[PDB]
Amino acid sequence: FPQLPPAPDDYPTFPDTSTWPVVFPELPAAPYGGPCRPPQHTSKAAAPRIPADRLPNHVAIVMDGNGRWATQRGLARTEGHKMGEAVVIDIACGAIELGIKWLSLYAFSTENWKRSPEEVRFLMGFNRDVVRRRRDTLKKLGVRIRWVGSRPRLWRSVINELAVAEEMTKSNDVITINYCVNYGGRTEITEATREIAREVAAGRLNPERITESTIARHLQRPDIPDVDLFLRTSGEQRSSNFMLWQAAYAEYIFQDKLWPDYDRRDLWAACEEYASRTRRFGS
């Protein structure tokens, strides 16, 4: 009954946004290893008690509003993105405290190449750096993290940092984070169709035996479960090609606040709302 209890009062907190990048606190040693308890929120709030059967198994988040948050303050959009890093880690910590098993984060879409070259170059380098900067912490929290996305145009440096993070965390099981970079739902489905086509060309698949499960089995990360709860910040109400196959049956909750203002309490509030609702027939 799956939440971590309220942390010890003196347990380290996160995030302190008075420095950039944010300092992830040193955590107390654990007597016999295993994953470390994540730092509690600055507010010292505790995760709501929700039965495991009523939790969303898989939460997907479109982390929207970074640039707007910056423009609103008369700053360059890339400054908003910088604040979003601490929020990603805060949300990871809060997902663990709540007992969420799967988290997918929309870091960069196949359509975001439409943004300015300066912004694209920044996001590519930033995602590379964030992964290197945070994967040791993620590992110690028992996070299993890996890349989900498409190869063309994506900086090899980003793929490489996530590949190391993936190898480092492949045996972890507290939570899995799908770090989606150069991700597009239609493209991922297209890539599965291509893999299916190759299998058929090789004679290893009869076209007449292709089902929905065949597609699922040939997606890039076939272990990703259906999305239960699809969250988006900034007041936008669209899925924007995120987890397209996997979120076919997801419930959507749209939260108005901008990603840099978001925190784990906001994740919990959406999960509570999801959990509280009478589950309708056929769901």
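Definition used throughout: the rigid core is the maximal C-alpha set that superposes within 1.5 Å between two forms. Note that residue numbering follows the sequence shown and begins at 1.
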Between 22-30 and 58-66, which has its CA atoms farther from the current form in 4 other deposited structures of this protein, using a rigid core superposition? 22-30
Core-aligned, which moves more in 4 other deposited structures of this protein: 257-265 or 270-278, by CA RMS? 270-278
Going by the B-factors listed in the PDB entry, is the mean over the C-alpha atoms higher for 274-282 or for 4-12? 274-282
Between 72-80 and 196-204, name whichever shows the higher mean Cα B factor according to the PDB entry. 72-80
Modelled-residue ranking by C-alpha temperature factor, third containing residue 111: highest
State the tercile, meaning the lowest, middle or highest third, of residue 211 with respect to the CA B-factors recorded for its chain. lowest
Consider only the C-alpha atoms of the modelled residues in this chain, order them by B-factor as the entry records it, and name the third containing residue 30: lowest, middle or highest. highest
Residue 239, C-alpha B-factor rank within chain (lowest, middle or highest third): lowest
Within-chain third of residue 49 by Cα B-factor, per the entry: highest
